[PDB]
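**Student:** Following this line is start.cif, made up of mmCIF, C-alpha atoms and all ligand atoms:
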```
data_coords
#
loop_
_atom_site.label_atom_id
_atom_site.label_comp_id
_atom_site.auth_asym_id
_atom_site.auth_seq_id
_atom_site.Cartn_x
_atom_site.Cartn_y
_atom_site.Cartn_z
CA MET A 1207 11.84 -17.93 -4.59
CA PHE A 1208 11.05 -14.45 -3.05
CA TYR A 1209 10.00 -12.42 -6.12
CA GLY A 1210 6.54 -11.16 -7.03
CA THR A 1211 5.40 -9.49 -10.26
CA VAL A 1212 6.59 -6.24 -11.91
CA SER A 1213 3.82 -3.61 -12.39
CA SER A 1214 3.57 0.19 -12.81
CA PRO A 1215 1.48 2.04 -10.17
CA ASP A 1216 2.13 5.50 -11.81
CA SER A 1217 3.78 6.64 -15.10
CA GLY A 1218 7.52 5.82 -15.15
CA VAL A 1219 7.37 4.06 -11.72
CA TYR A 1220 7.82 0.29 -11.43
CA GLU A 1221 7.42 -2.02 -8.44
CA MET A 1222 7.56 -5.65 -7.31
CA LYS A 1223 7.44 -7.55 -4.01
CA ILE A 1224 10.66 -9.11 -2.60
CA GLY A 1225 9.27 -11.20 0.27
CA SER A 1226 7.20 -8.74 2.32
CA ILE A 1227 9.05 -5.61 1.02
CA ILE A 1228 7.77 -3.44 -1.83
CA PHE A 1229 10.74 -2.58 -4.08
CA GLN A 1230 10.22 0.41 -6.42
CA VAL A 1231 12.23 2.33 -9.03
CA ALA A 1232 11.57 5.72 -10.70
CA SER A 1233 13.52 8.53 -12.40
CA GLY A 1234 13.67 12.00 -10.80
CA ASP A 1235 15.08 14.27 -8.09
CA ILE A 1236 15.75 12.33 -4.86
CA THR A 1237 15.78 15.58 -2.77
CA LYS A 1238 12.01 15.95 -3.30
CA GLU A 1239 11.23 12.50 -1.76
CA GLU A 1240 9.80 11.77 1.71
CA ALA A 1241 11.11 8.63 3.56
CA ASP A 1242 12.35 7.66 7.02
CA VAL A 1243 15.91 7.41 5.55
CA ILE A 1244 17.42 9.00 2.41
CA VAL A 1245 20.82 7.62 1.28
CA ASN A 1246 23.72 9.80 0.00
CA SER A 1247 26.53 8.31 -2.22
CA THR A 1248 29.75 10.22 -1.38
CA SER A 1249 33.57 10.12 -1.01
CA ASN A 1250 35.70 8.54 1.75
CA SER A 1251 35.85 11.92 3.62
CA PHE A 1252 32.07 12.47 3.44
CA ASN A 1253 32.54 16.00 1.96
CA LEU A 1254 31.94 15.52 -1.81
CA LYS A 1255 29.55 18.00 -3.46
CA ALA A 1256 29.12 16.67 -7.04
CA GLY A 1257 26.16 14.80 -8.58
CA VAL A 1258 23.77 13.37 -5.95
CA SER A 1259 26.00 14.62 -3.08
CA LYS A 1260 25.71 18.22 -4.38
CA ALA A 1261 21.91 17.96 -4.49
CA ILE A 1262 21.66 16.30 -1.06
CA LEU A 1263 24.12 18.58 0.82
CA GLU A 1264 22.71 21.80 -0.73
CA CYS A 1265 19.08 20.87 0.17
CA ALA A 1266 19.91 19.35 3.60
CA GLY A 1267 21.89 22.44 4.62
CA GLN A 1268 25.07 23.52 6.35
CA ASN A 1269 24.38 21.87 9.73
CA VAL A 1270 24.32 18.43 8.00
CA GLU A 1271 27.50 19.30 6.05
CA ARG A 1272 29.25 20.21 9.32
CA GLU A 1273 28.03 17.01 11.09
CA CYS A 1274 29.49 14.83 8.27
CA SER A 1275 33.01 16.32 8.52
CA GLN A 1276 32.92 16.23 12.36
CA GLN A 1277 32.17 12.47 12.29
CA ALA A 1278 34.79 11.89 9.53
CA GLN A 1279 37.57 13.31 11.75
CA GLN A 1280 36.49 11.29 14.87
CA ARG A 1281 37.17 7.77 13.51
CA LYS A 1282 37.51 5.70 10.29
CA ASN A 1283 33.90 5.09 9.04
CA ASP A 1284 32.52 2.84 6.26
CA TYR A 1285 29.34 5.04 6.42
CA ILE A 1286 27.87 7.73 8.71
CA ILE A 1287 24.38 8.59 9.98
CA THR A 1288 23.30 12.27 10.33
CA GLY A 1289 20.07 14.16 10.84
CA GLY A 1290 17.90 15.00 7.83
CA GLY A 1291 18.36 18.79 7.90
CA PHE A 1292 15.87 20.37 5.47
CA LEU A 1293 15.22 17.10 3.56
CA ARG A 1294 11.93 15.26 4.19
CA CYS A 1295 13.46 12.41 6.23
CA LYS A 1296 14.38 11.42 9.81
CA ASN A 1297 18.04 10.54 9.00
CA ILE A 1298 20.48 10.60 6.08
CA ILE A 1299 22.83 7.60 5.75
CA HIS A 1300 25.97 8.63 3.80
CA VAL A 1301 27.66 5.60 2.12
CA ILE A 1302 30.95 5.59 0.13
CA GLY A 1303 30.20 5.34 -3.63
CA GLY A 1304 33.41 3.36 -4.33
CA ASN A 1305 32.67 0.65 -1.74
CA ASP A 1306 30.97 -2.73 -2.44
CA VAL A 1307 27.35 -1.70 -3.12
CA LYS A 1308 25.79 -4.93 -1.76
CA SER A 1309 27.65 -4.36 1.56
CA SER A 1310 26.53 -0.68 1.69
CA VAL A 1311 22.84 -1.54 1.12
CA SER A 1312 23.01 -4.39 3.70
CA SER A 1313 24.29 -1.83 6.25
CA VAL A 1314 21.49 0.65 5.40
CA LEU A 1315 18.82 -2.09 5.87
CA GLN A 1316 20.27 -3.18 9.25
CA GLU A 1317 20.47 0.45 10.54
CA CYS A 1318 16.83 1.04 9.49
CA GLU A 1319 15.66 -2.09 11.44
CA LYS A 1320 17.60 -0.84 14.50
CA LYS A 1321 15.52 2.41 14.39
CA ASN A 1322 12.18 0.60 13.61
CA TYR A 1323 11.94 2.54 10.31
CA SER A 1324 9.60 1.49 7.48
CA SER A 1325 10.72 3.43 4.34
CA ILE A 1326 14.05 3.99 2.53
CA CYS A 1327 14.92 6.03 -0.60
CA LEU A 1328 18.34 5.64 -2.33
CA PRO A 1329 20.06 6.72 -5.57
CA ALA A 1330 21.90 4.33 -7.99
CA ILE A 1331 24.80 4.17 -5.47
CA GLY A 1332 28.29 4.13 -7.06
CA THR A 1333 27.28 5.07 -10.65
CA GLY A 1334 28.26 8.78 -10.36
CA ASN A 1335 31.65 9.98 -9.08
CA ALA A 1336 32.76 6.38 -8.34
CA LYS A 1337 32.04 5.26 -11.96
CA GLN A 1338 30.82 1.71 -11.13
CA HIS A 1339 28.84 0.02 -13.93
CA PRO A 1340 25.00 0.39 -13.71
CA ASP A 1341 24.26 -3.32 -14.39
CA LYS A 1342 26.57 -4.45 -11.54
CA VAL A 1343 25.07 -1.77 -9.22
CA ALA A 1344 21.45 -2.89 -9.95
CA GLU A 1345 22.38 -6.57 -9.35
CA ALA A 1346 24.09 -5.66 -6.03
CA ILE A 1347 21.23 -3.50 -4.65
CA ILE A 1348 18.57 -6.15 -5.38
CA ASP A 1349 20.83 -8.99 -4.07
CA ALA A 1350 21.23 -7.11 -0.73
CA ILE A 1351 17.42 -6.93 -0.32
CA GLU A 1352 17.02 -10.65 -1.25
CA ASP A 1353 19.64 -11.70 1.35
CA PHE A 1354 17.96 -9.51 4.04
CA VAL A 1355 14.57 -11.19 3.29
CA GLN A 1356 16.09 -14.74 3.12
CA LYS A 1357 17.64 -14.33 6.61
CA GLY A 1358 14.22 -13.37 8.10
CA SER A 1359 15.49 -9.88 8.94
CA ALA A 1360 12.63 -7.80 7.46
CA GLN A 1361 10.37 -6.72 10.35
CA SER A 1362 9.94 -2.91 10.37
CA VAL A 1363 11.24 -2.25 6.79
CA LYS A 1364 8.32 -2.28 4.28
CA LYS A 1365 9.34 -0.08 1.29
CA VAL A 1366 12.66 0.44 -0.54
CA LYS A 1367 12.61 2.97 -3.45
CA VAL A 1368 15.49 3.79 -5.86
CA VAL A 1369 15.08 7.32 -7.38
CA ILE A 1370 17.45 7.48 -10.36
CA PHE A 1371 18.90 10.59 -12.10
CA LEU A 1372 19.53 9.14 -15.62
CA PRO A 1373 16.62 7.47 -17.48
CA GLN A 1374 19.16 5.12 -19.12
CA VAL A 1375 20.12 3.78 -15.63
CA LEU A 1376 16.39 3.37 -14.77
CA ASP A 1377 16.12 1.09 -17.87
CA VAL A 1378 18.93 -1.14 -16.49
CA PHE A 1379 17.11 -1.48 -13.12
CA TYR A 1380 13.77 -2.32 -14.82
CA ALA A 1381 15.44 -5.06 -16.92
CA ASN A 1382 16.96 -6.58 -13.77
CA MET A 1383 13.51 -6.64 -12.04
CA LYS A 1384 11.98 -8.42 -15.11
CA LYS A 1385 14.79 -11.01 -15.08
CA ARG A 1386 13.95 -11.88 -11.43
CA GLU A 1387 10.11 -11.75 -11.38
CA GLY A 1388 8.03 -14.75 -10.38
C1 LIG B 1 25.05 8.19 -7.33
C2 LIG B 1 24.80 8.65 -8.76
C3 LIG B 1 24.61 10.16 -8.86
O1 LIG B 1 25.45 10.96 -8.46
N1 LIG B 1 23.43 10.56 -9.40
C4 LIG B 1 22.97 11.90 -9.50
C5 LIG B 1 21.90 12.35 -8.76
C6 LIG B 1 21.51 13.68 -8.84
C7 LIG B 1 22.17 14.58 -9.66
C8 LIG B 1 21.72 16.01 -9.76
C9 LIG B 1 23.26 14.13 -10.41
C10 LIG B 1 23.67 12.80 -10.33
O2 LIG B 1 24.72 12.37 -11.08
CL CL B 2 28.89 7.57 -6.71
CL CL B 3 21.17 8.12 -9.43
#
```
Could you rewrite the structure in this file as structure tokens?
**Tutor:**
Amino acid sequence: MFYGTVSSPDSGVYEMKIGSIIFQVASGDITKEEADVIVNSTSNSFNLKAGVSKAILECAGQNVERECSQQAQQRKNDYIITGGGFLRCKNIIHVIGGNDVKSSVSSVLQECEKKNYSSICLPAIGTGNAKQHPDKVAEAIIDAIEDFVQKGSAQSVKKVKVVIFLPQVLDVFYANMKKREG
């Protein structure tokens, strides 16, 4: 059945266990977070600078911007992995906001296990420029984590945190957690 209990460890932050993983949500500025991986939600050319991608590319810096466009011209990518630049992370994984969100999160989880990473921070992927519906996005993100746990794949990954720009989108994620709790 996988799901633990929803609680609030700090004001406006909510968490629950999904198997061995602690899943958390909060509102705020993702560029101020520390994690092994931070996720960007961008366009198919990996050069968008609007919404979360503006915040991430401006903070990360020009060397990360250049790395993205260099990889984009090399081959056709569903996502790319760069350094962290001046963000507080080891790598940034840049996913395409218009793509299937469950598929994108599954890829992020698998890449983090390959690097023996423990912590991930992501935005509400697809809800900005791509204009996917928040309720479908929340369902997809949490389903990806459930499938990863069900397959026995969680080994190094211990914490997955969604830091969300709009409080109204945070409310959608909280309701989805309550629906699933043990
Ligand atoms: C993926 C959803 C998204 O873009 N969210 C977002 C994050 C930060 C800022 C400043 C604006 C935003 O709209
Ligand atoms: Cl988006
Ligand atoms: Cl967001």
**Student:** Each residue of chain A with at least one atom at most 10 Å from ligand CL 3 (chain B) should appear once, together with its nearest atom pair and the corresponding distance in Å (one decimal); atoms considered: only C-alpha atoms and all ligand atoms; ordering: chain, then increasing residue number; output as a Markdown table.
**Tutor:**
```
| residue | atom | partner | partner_atom | distance |
| --- | --- | --- | --- | --- |
| A:1232 | CA | B:CL3 | CL | 10.0 |
| A:1233 | CA | B:CL3 | CL | 8.2 |
| A:1234 | CA | B:CL3 | CL | 8.6 |
| A:1235 | CA | B:CL3 | CL | 8.8 |
| A:1236 | CA | B:CL3 | CL | 8.2 |
| A:1246 | CA | B:CL3 | CL | 9.9 |
| A:1247 | CA | B:CL3 | CL | 9.0 |
| A:1257 | CA | B:CL3 | CL | 8.4 |
| A:1258 | CA | B:CL3 | CL | 6.8 |
| A:1328 | CA | B:CL3 | CL | 8.0 |
| A:1329 | CA | B:CL3 | CL | 4.3 |
| A:1330 | CA | B:CL3 | CL | 4.1 |
| A:1331 | CA | B:CL3 | CL | 6.7 |
| A:1332 | CA | B:CL3 | CL | 8.5 |
| A:1333 | CA | B:CL3 | CL | 6.9 |
| A:1334 | CA | B:CL3 | CL | 7.2 |
| A:1340 | CA | B:CL3 | CL | 9.6 |
| A:1368 | CA | B:CL3 | CL | 8.0 |
| A:1369 | CA | B:CL3 | CL | 6.5 |
| A:1370 | CA | B:CL3 | CL | 3.9 |
| A:1371 | CA | B:CL3 | CL | 4.3 |
| A:1372 | CA | B:CL3 | CL | 6.5 |
| A:1373 | CA | B:CL3 | CL | 9.3 |
| A:1375 | CA | B:CL3 | CL | 7.6 |
| A:1376 | CA | B:CL3 | CL | 8.6 |
```
**Student:** Using all atoms listed in the file, list the residues that have an atom at most 8 Å from (29.1, 12.1, -0.6), coordinates as in the file, as number ranges by chain.
**Tutor:** A: 1246-1256, 1258-1260, 1300-1303
**Student:** For the residues selected in the previous step, produce a file with C-alpha atoms as a tab-separated table (two decimals), keeping the file's coordinate frame.
**Tutor:**
```tsv
chain	number	residue	atom	x	y	z
A	1246	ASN	CA	23.72	9.80	0.00
A	1247	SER	CA	26.53	8.31	-2.22
A	1248	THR	CA	29.75	10.22	-1.38
A	1249	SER	CA	33.57	10.12	-1.01
A	1250	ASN	CA	35.70	8.54	1.75
A	1251	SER	CA	35.85	11.92	3.62
A	1252	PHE	CA	32.07	12.47	3.44
A	1253	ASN	CA	32.54	16.00	1.96
A	1254	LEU	CA	31.94	15.52	-1.81
A	1255	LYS	CA	29.55	18.00	-3.46
A	1256	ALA	CA	29.12	16.67	-7.04
A	1258	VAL	CA	23.77	13.37	-5.95
A	1259	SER	CA	26.00	14.62	-3.08
A	1260	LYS	CA	25.71	18.22	-4.38
A	1300	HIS	CA	25.97	8.63	3.80
A	1301	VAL	CA	27.66	5.60	2.12
A	1302	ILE	CA	30.95	5.59	0.13
A	1303	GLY	CA	30.20	5.34	-3.63
```
**Student:** Considering only C-alpha atoms, return as JSON, numbers by chain whatever protein or nucleic-acid residues lie within 7 Å of residue 1307 in chain A, sequence-local ones (same chain, fewer than 4 positions apart) excluded.
**Tutor:** {"A": [1311, 1331, 1343, 1346, 1347]}
**Student:** So which residues touch residue 1378 in chain A within 7 Å, counting only C-alpha atoms, skipping near sequence neighbours fewer than 4 positions away, as a PyMOL selection string?
**Tutor:** chain A and resi 1340-1341+1374+1382
**Student:** Using all atoms listed in the file, which of the listed residues (A:1280, A:1313, A:1345, A:1245) sits closest to ligand CL 2 (chain B)?
**Tutor:**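 Once distances to ligand CL 2 (chain B) are computed over all atoms listed in the file, the minimum belongs to A:1245.
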**Student:** What does the structure give for the distance between CA of residue 1291 in chain A and CA of residue 1229 in chain A, in Å to one decimal?
**Tutor:** 25.7 Å
**Student:** Go ahead and compute the interatomic distance for CA of residue 1216 in chain A and atom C1 of ligand LIG 1 (chain B), in Å to one decimal.
**Tutor:**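 About the pair CA of residue 1216 in chain A and atom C1 of ligand LIG 1 (chain B): they are 23.5 Å apart.
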**Student:** Would you list the contacts of range 1219-1226 of chain A as a ChimeraX atom specification, taking every protein, DNA or RNA residue within 12 Å and counting all atoms listed in the file, but skipping same-chain residues closer than 4 positions in sequence?
**Tutor:** /A:1207-1215,1230-1234,1324,1348-1370,1373,1376-1377,1379-1388
**Student:** When distances are computed from all atoms listed in the file, which of A:1296, A:1321, A:1337, A:1238 shows the smallest separation from residue 1265 in chain A?
**Tutor:** A:1238
**Student:** At a cut-off of 12 Å, can you tabulate as CSV every residue of range 1289-1314 of chain A near range 1268-1276 of chain A together with its closest atom pair and the distance in Å to one decimal, using all atoms listed in the file and ordering rows by chain then number?
**Tutor:**
```
residue,atom,partner,partner_atom,distance
A:1289,CA,A:1270,CA,6.7
A:1290,CA,A:1270,CA,7.3
A:1291,CA,A:1270,CA,6.0
A:1292,CA,A:1270,CA,9.0
A:1293,CA,A:1270,CA,10.2
A:1297,CA,A:1270,CA,10.1
A:1298,CA,A:1270,CA,8.9
A:1299,CA,A:1274,CA,10.1
A:1300,CA,A:1274,CA,8.4
A:1301,CA,A:1274,CA,11.2
```
**Student:** Of the candidates A:1314, A:1344, A:1244, A:1336, which shows the shortest atom-to-atom distance to ligand CL 2 (chain B), using all atoms listed in the file?
**Tutor:**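 Of all the options, A:1336 lies closest to ligand CL 2 (chain B).
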**Student:** What's the separation between CA of residue 1218 in chain A and CA of residue 1304 in chain A, in Å to one decimal place?
**Tutor:**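 Separating CA of residue 1218 in chain A from CA of residue 1304 in chain A is a distance of 28.2 Å.
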**Student:** Between A:1339, A:1315, A:1266, A:1295, single out the one closest to ligand CL 2 (chain B), counting all atoms listed in the file.
**Tutor:**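 Closest to ligand CL 2 (chain B) of all the choices is A:1339.
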